[PDB]
Amino acid sequence: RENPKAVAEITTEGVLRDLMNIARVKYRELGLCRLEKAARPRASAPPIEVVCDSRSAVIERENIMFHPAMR
Amino acid sequence: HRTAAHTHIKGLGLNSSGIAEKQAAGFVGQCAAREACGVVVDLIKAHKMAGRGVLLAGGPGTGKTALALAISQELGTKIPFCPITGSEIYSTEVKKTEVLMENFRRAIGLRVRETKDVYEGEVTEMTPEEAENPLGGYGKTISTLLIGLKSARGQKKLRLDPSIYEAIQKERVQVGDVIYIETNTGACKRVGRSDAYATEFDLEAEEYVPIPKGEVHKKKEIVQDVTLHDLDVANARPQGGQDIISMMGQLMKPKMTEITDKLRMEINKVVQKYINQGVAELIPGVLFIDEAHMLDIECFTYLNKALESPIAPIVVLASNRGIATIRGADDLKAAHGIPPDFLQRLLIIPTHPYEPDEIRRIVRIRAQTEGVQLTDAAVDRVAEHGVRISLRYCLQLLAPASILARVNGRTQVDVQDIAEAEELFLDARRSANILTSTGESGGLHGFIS
Amino acid sequence: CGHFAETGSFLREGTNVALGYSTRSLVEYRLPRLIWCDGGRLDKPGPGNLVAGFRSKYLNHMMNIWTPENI
Amino acid sequence: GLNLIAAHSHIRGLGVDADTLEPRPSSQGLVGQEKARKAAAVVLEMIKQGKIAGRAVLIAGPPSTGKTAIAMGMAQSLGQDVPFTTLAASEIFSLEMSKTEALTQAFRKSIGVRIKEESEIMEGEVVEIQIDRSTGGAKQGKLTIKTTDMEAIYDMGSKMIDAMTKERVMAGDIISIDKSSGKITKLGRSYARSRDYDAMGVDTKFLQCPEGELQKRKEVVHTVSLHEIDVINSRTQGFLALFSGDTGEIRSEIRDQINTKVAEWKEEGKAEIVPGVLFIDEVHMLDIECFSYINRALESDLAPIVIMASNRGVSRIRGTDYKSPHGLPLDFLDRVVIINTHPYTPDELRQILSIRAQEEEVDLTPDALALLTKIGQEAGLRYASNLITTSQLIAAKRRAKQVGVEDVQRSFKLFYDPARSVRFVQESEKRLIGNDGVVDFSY
Amino acid sequence: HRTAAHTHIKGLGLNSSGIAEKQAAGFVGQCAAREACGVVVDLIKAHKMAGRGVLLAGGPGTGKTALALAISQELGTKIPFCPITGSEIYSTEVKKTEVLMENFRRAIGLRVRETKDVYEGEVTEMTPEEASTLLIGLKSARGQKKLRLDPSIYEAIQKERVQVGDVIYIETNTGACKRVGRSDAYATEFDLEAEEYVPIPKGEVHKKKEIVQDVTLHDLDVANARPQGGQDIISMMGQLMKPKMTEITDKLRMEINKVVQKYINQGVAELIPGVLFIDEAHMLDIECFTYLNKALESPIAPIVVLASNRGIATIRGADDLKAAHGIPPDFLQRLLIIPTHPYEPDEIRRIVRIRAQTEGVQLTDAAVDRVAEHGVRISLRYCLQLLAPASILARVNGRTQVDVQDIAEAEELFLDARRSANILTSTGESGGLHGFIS
Amino acid sequence: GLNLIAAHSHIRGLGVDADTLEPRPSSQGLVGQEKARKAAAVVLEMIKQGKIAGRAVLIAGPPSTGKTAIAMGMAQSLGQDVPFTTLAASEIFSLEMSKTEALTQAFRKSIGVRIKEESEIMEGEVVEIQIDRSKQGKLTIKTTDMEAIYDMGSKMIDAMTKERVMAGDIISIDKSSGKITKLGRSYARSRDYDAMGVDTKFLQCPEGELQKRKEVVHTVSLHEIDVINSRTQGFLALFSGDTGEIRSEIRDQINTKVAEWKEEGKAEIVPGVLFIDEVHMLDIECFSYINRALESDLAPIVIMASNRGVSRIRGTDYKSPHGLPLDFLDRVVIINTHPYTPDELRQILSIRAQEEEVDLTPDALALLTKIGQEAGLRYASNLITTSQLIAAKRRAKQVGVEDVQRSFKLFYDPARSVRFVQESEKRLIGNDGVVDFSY
């Protein structure tokens, strides 16, 4: 109920609004969002899986590892 | 390009017979130590051995680190050289024995052939198809996507699994884009727009790219260099799938984890399949633990088991300390600062102080390496330090003296510019005298004890 | 660092093809269904795992302080 | 292969007459230490017999007296039948978990649950796959498979057609199908169909067709540790922490439930319990809190046998300020029987060097073996063993086919032993940084 | 079955009058200490009293842990016995006073007698009744049954992928259900499908059985502190998301006590306070004893049994203070103290015979004599550890029983710490090449 | 019930004349300690009057001299109306937060904010939901005693839909927030279904009027308002712990708003007590923080207890009385508790025997009082339970001397135990680890 964040967004002189976005602005202004990647992982893998010779295991894999509601 | 402490070192300077040339590849002297380091290079290039230990033993400034960096050059770029100080082992994220294992497996390399099996084309149709689920509460779900890909010499219609559509969707693909798809990972890349309809008047700052030449479906092969540790990290923090765990694992903060022996053992099985399939060359390398006296008795007791592993790199230690207390074991003193039962495991390469004429040679090698053209009387001046003062103090004066000479308008350093460098920039011993004479009593102007 | 289904032939593939998500881990944790399905998972109710059904109802609802009747 | 030559690679077992526990003077790569090898064989017998729980054995003796070698010999002579956990005592000082939790997990890793199960596996060469994909997909399809001995055709259910398309199963592919799961593993490509694999590169291998019946029950004997069951039950992908680590401190009531359930499976005859070994290398790196936990962990019914090695004499126990034999508190040593390893005689050094010269591809001339034996007496077994590798590399530099005395002498000259290294230190005390931090850099 | 250290201890071996029999239930001697433990058993089974402390005090190998495990068996499986060591509480997750709180509540049990109505059968019908209710038909080899399903249990049946022809397990009261498989009457619905086919259930489709469920107050804490199990799937990410212990507030534990007493008043639950046993209590520090002092004053606290083998020793975390047992004298006033004394040679003989027949070893009389001699002159624990090696050695000599020869061999293959210390003293005389590390 | 008999169960209040504060030789379970009880009663007066912020009172005395008992009696006599945080000093050494945060929280727990509210809640069994679209609808609810039909707005029909309200459900609607809650289903529907889901429970139908306007008093700690404002659903942290080192600027806002509530009369501030037992287990950094903490308007009165003599302060190597800094002790007044006379022991052992429902013979109580004099109050107290059980083993009607004697034979007192430790020192692990296991 009492927080400057709300007021700074409604005032027309965006002074405190800009003072609260300094980090996100300068990150972007430095071009770090557009500069080529200088590194990436040399190897990549999918998650390790249980292997079980049952159908319930296959269903439960799909329910968790490909979880529809999160997805 | 920038000049650093070892920029003059190029190699061990051995003959083909393995004897050291008295001045070669940037070295002066240490010949017996350079010859021993040659036999170690032979031990590394012959892949047959695991977990042999070498100790470079000798006082500070005797070129122990120059020897290790010379080994790193005689091995060339293919072999993994993994340098650490003993002070890098104390992580806040994971136990210090984890960091040792990570460095042990970072020192074993693998070169592996990989087939990338891919689809590439201009997206010409994209049509999702979906089902009304039973009442799970999240609503309808896309059952599949049908996508049309056009290349220069063919086209496909692809019926994607919806996990690849999520790659397509999070890649913000549109009709008329050029895209790349890996059947390996299910991953997607938006390469650009087509060069068709490449009208300039977009604010979107698109890269328009040509239609992919060749067929839509391709099966290229490339050779990848990886360490065993790269595989450990990939499988401990999975990120290459399109599943929810791989997805969220890219959004979470990255953190190191105490990768189990169970994972490492099973990655040995995986890598040995690549060897038996003929797609990989195992290329074991070397771990250089500089300042190894900064390891503690738990580190050293772990190294026992780690070196007994049926695969482990060669470990080169360096220490500069006499009979000293073992860290974490204040009851125990030993030579080199190494536990006596661990020292039994190593081959020790003792490393010796330089003679005054060797110092003169090093000063001249170092001067011309830095590009400091330097008169012979000036060489003799600098080389009287190194005898009376540390060798390092000689080499550090060359840059101030060069600046002072150039400021004096000289093309080259005279004795005068060194005699000024000696005055502006003290050695530790002259400064230690200033302390003891000024801090001879306390007061407003005293040094603080 | 994973398994996937290779395409064995381009000539026999045709123009319409189903892209299944084939990506799996080469690290592959074999478990018996006695553990993974038939009650070695303590939270999974069923025959054998007679505890999990009771314990789920009572600890999450009946004797759970956040249920509206308790609150 | 990926296993290189390592210090213990020559150990193939314990070298003991299985009919009598009489140690043979040398066999299986072990030389001497006969009384210690007999004792380790008596421990090995009662490990295999399983009836005895939570006994602890310390192997005590000077460095390089074969304590790890005997431990590796037991591991090689147990094999896969019995769980064998090796722990360096440094490992339990985790930042993820308290050291008693880390030490609990090590005990849990050393008890196996052995579970025997069957499935029908269908395996053969794909003669054809027809799938109509009739807008939607997976409507209907037929699979023809052959062995060398049979051929059959199958109508596929729709979720099997998804599996076939997911694995891009093709004519000529040799596949196994586990029926109850429905996973398809492509074991290879049949050689007779090689020309159809136009996309496969020339590096591709091919196989002969499977043999016998298309379908049979294959029986798998799983062994899963109590630790794995504990970790599986911790969270929704608990097993995933068996690899990355990132297990927390697993809650005690989870373990207590699992112990009850495993006792039920034993009484029901569904599973067997297989007690293993935990080997704690350099156990003196443990502190007084650890030993207090071990004392009662050993009294559990589901405790492995614990085997331990110490280099230490009467030495300061960690986490306190008093001294005891082996660096182990007497109350812990009361629970432990001790096996002693002795120093080697010169002929035993000669034999061990000979074995090590067989495990590496080295030819030693008889005088080079005699000199290395002399160096072994004077400078220790480990140093002479490292001169073997060094001499071969020097011999190869001079292109010699056999290692001669000249090569061993170069090795002895180039690489100092521990005593000469100490003597070098005791002479260089002004150039080496002392325990006082003092050092002189002048000439 | 396996033979651990205490497996011969069957109980306290007390007379009807509570006097100890001089040899009974696998004890020898400690009669005064067994009788004292008998009164502690009565104190626990009366369940009248909170938070009484007991200390077992005496030398190592005097049976302090035999006595605590005898109590655990006099109480039986009903009463919760929670054993820890004093070293187990130094968790990295939470303050050690929280770890003590969690262990106090593991020592208090709560028993619920639940009737489980199980329907297991092939799904013969699934008829959505409303557009909420489902009707399901289930069949066994012995008849079929219809059930009316609440929309909640329906969607559980529907969240599992149950269809007509599947075999399912339902618990009627709990709402738990499982797809057992597909009925093998449909096994030829296709020639291959990724499906698991199971026989139809051959017993009754309905079973009623009564299960006496046990939980603890800590189980109620954990369930109420955070979503557990399938409630929290994002736990699969680890790191921040894994089910860390947190320093539970006593607001929660007080509010749990309120709810638990409600169900006791309904008669649904039976409270069973039990025992927390802490071995090596000298591994507790001054801050732990400072907490125990308060925590034993709460109205629920279990009976706490402590063991210590220390003499006068510094308490941990306050080296300035030396006390008997290593227990602060402040806290020692709160404890009933039971001394355990050393054993006589004749008592050592009897314990050797008891454990021999418990390992299945059999001995000549002279073999008992020689082992008992090592018990007197070295240690009771050492001589008992001779028994199993000597049996192996006798076996490989083909002998049916252990004799002096097999013990005289075992005692030379397997040294005690005393002779081992003599070897260290003779051999570690100097830091030589073949010396022990100092 | 679930409350078993504890060490301080007999302590039922502070036992003083409410007029003069003069104690009486025993009442409300307490015996003796008259000056300490009179001093405790004087502190309890200024707790209840509440205007005196941040006083610190140390209860100092030997073991078993009623320091904790008096703290319990003060809490009982203060009643439920006023906060009484009881903290062991060991609890401040948290791993999840700094010691000064842990002390701050305990301070914040001890100030109550009291609010009185009336609000309309409609509770009843749903009879029917009826809906029309062309959004509107009608709801029929019954109690045991009423049935009525309510017009539902569009948002209300959505809320009913979102929460799957059927007929036979018991629902509550807070009219102030408008939010529905489903309490369960009426037990009349126990036969409505054969199988029920895990999250379903039956209830008795609500009784009386459908919508009620109860007046309710609420008292919440300042600590609760902090943790509620700590994060978006911080109230969950009130139970799991699961809270950081809360930002000081949040507490700054909360204190300012709670002052506004007191100015506007929306709330009454109820300053209570923090009791820190074994305060000598704090360290030099706790004590130096507490100095500033006490010196604030929202500081409770802090009671604390110590049994330490001249002893080293923790986190330093010099000694001081009570184990406390003299810089800290300057801010404290001290209450001293004495040992007990045999006649006061005789009374306390009778009170314990009554609370334990043990019928001592007069000779047993006499002998037990000798033991209390010779071996301490707690030991003789613990023999009461032991002798009862031993008497029961012989089916005796009353605890005789023979049952106390056998209790005394079986269980050693601390002094007799220390003697045993000295007598057997070589059989026990010494401070240097030496032991001999042999006979």
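Letters A, B, C, D, E and F name the chains as they come in the text, with residue numbers starting at 1 for each one.
Going forward, contacts are C-beta pairs under 8 Å (C-beta built on N, C-alpha and C of every residue); 3 or more make two chains touch, one makes a residue touch a chain.
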Furthest chain, CA centroid comparison against chain E: B
Taking each chain's C-alpha mean as its centre, the one farthest from chain C: F
Chain B and chain D, separation of their C-alpha mean positions in angstrom: 29
Inter-chain centre distance, chain D versus chain E - centres from mean C-alpha coordinates, in Å: 31
Whole-Å separation of chain centres (CA-atom averages), chain B against chain C: 40
Multi-chain contact residues (two or more partners), chain F: 198-199, 239, 429, 435, 437
Residue numbers of chain E (touch at least two other chains): 60-61, 92-93, 155, 173-176, 194-196, 219, 224, 229-230, 233-234, 236, 238-239, 252, 255, 260, 309, 379, 381, 437-438
For chain A, residues that touch 2 or more chains besides their own: 43-48, 50-58, 64, 67, 70
Interchain pairs in contact, sorted by label: A-B, A-C, A-D, A-E, B-C, B-D, B-E, C-D, C-E, C-F, D-E, D-F, E-F
Residues of chain B touching chain E in the complex: 134-136, 245, 248-249, 252-253, 255, 257, 331-332, 339-341
Touching residues (chain side chain E, partner chain D) in the complex: 2-7, 60-61, 65, 83, 85-88, 90-93, 106, 189-196, 216, 218-219, 222, 229-230, 232-233, 235-236, 238-239, 242-245, 279-280, 283, 309, 359-360, 379, 381-382, 385, 388-389, 392-393, 396, 410, 412-417, 420-421, 423-425, 427-428, 433-438
Parts of chain A lying in touch with chain B, wherever the complex brings them together: 41-48, 64-71
Chain E contact footprint on chain D (complex, rising order): 19-21, 35, 38-39, 42, 45-46, 49-55, 57-58, 60-63, 94-98, 100-101, 122, 143, 153-160, 162-163, 177, 179-183, 234-237, 240-241, 244, 246, 248-249, 251-253, 275, 289-290, 292-293, 295-296, 298-301, 303, 311-315, 325-326, 330-331, 333-340, 343, 380, 419
For the chain C and chain D complex, residues of the former touching the latter: 5-12, 16, 18, 20-22, 27, 29-36, 39-43, 51
